[PDB]
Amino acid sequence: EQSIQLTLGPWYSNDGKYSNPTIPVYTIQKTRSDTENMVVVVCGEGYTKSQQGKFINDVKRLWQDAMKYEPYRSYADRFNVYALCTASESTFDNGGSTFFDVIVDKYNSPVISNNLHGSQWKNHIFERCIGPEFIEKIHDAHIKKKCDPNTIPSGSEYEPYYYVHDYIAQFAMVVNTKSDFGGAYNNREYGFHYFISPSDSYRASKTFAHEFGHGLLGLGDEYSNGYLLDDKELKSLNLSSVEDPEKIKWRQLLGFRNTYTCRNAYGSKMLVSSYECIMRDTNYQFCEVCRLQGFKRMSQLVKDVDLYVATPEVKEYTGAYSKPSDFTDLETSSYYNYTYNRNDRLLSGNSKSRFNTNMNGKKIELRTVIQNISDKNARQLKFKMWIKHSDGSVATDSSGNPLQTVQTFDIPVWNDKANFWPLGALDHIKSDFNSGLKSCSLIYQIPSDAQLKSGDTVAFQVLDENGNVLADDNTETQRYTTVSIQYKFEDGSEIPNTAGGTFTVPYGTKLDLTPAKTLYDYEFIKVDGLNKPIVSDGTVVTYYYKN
């Protein structure tokens, strides 16, 4: 029913196997107007027409797993996700004609092969054919096509299609295969912004999150080798070759969580902010630098995100790893020695119970990093930290003074915002890592006469100017709950060509997004389940549309 149709002349389907394909469109998630959200378009490679059910379910699995990683997770409901059911003649594993002509080269890279059948523009198919048709017919902006993709434009072959990657935030191609591979193609100047990954490899979801991190977040391979020259130093979001801790771009994050610059391998001149990152080893999470940069990157594509507060931590303050000179050694063993010291000192998250009565007379530090997303509003955040008894009462010293301290932090504006992957950008060239960024550290001296009890813990809050709690001593370990969206007509029928996905939110979250006024051609009526604490897995938010 709902679909797009392409016209693929000899430059896109030289063997005539896909000269005029019909592509069913499935909406996996549309929580707001496309104009307000990041639009992701996923196509299948090597799925035959009878395998499109598998393709849809593969996309839902990969997408849901990607949304469990920060920083995506913080934006989970600000994506609209569409599955385009591109049908191949052959399965991928059978090796016959496929929709995207994908081959695996001698480096294990999946590549769209223009030379396979002589389709000279095959790897331009996303931004010249699929994208413009989708943006005209399906996307809420309905930008009418500007150029015939089977003709040579006057002037640039590329500029007429630049707009595609501003209305579609990411193209993904899922290959129907168990083969383990992955590749991301980011060259917007020449029209390329897609990645390819497999549906059923042993690490399929981790690979998907990684390639999406290259493609959408603009992060570099923390497995890369070589020395970054000054231009490439400024260009990289998450890599460096600057040995001096007083000069390295991410110096404000040094000592926060597992942020300790090190060589990404013995004797390497390529430096990473943490040895344990998915951008180097797909078994890990995103490091704090990648979370910050990716969160900043996505904030450019939506309008209502104005602050990043990394999850704060509390540590016994001994003076270790508290000054730049403590970070000068860049060997892997220095990274791990640092993380062991951090664990020995940690008093938050899963180490909250390490507090004890021997803590009197000691100092503790509440530490996080804050990025202002506004290029016009400076911010002032108030930090509170205190010693809490197990029953919730606030501990005191021997004079009845509560064991508590407060400090306010000024967050400067993001003056450099326009240089960091804004809408319309073709690349990231140079940005000031520290613009809008503020590492906040609140040190509390526990008095020698603290009246501590077994089971006491460190409590804390990060408050905004209205007193809203942005983060506290429960944030890091709080339970997340799964929510699933469904699209229905007034009469309870499921809307065709929808396949509502799930995502997760902190237990108790009240969802607050404004539904898109249209779904395909159907007009929105009402929604059940918004503005209501989400307190059970499988909670269903139901969007009702008028038939």
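From 1 onward, residues are counted along the sequence shown.
- Per the PDB record, of the two stretches 56 to 64 and 510 to 518, 510 to 518 carries the greater mean B-factor over its C-alpha atoms.
- Comparing the deposited coordinates for 228 to 236 and 423 to 431, the stretch with the larger average C-alpha B-factor is 228 to 236.
- Across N466, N415, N372, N187, the greatest Cα temperature factor reported in the deposited entry is at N466.
- Within the selection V42, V505, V39, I495, the deposited Cα B-factor values reach their highest point at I495.
- Looking at the C-alpha B-factors along this chain, the one for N123 belongs to the lowest third.
- For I103, the recorded CA B-factor ranks within the middle third of the chain. Only modelled residues enter the ranking.
- Remark: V394 belongs to the highest third of its chain, ranked by C-alpha B-factor as recorded.
- Looking at the C-alpha B-factors along this chain, the one for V483 belongs to the lowest third.
- Placement of the Cα temperature factor of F524 within the chain: highest third of the modelled residues, per the deposited record.
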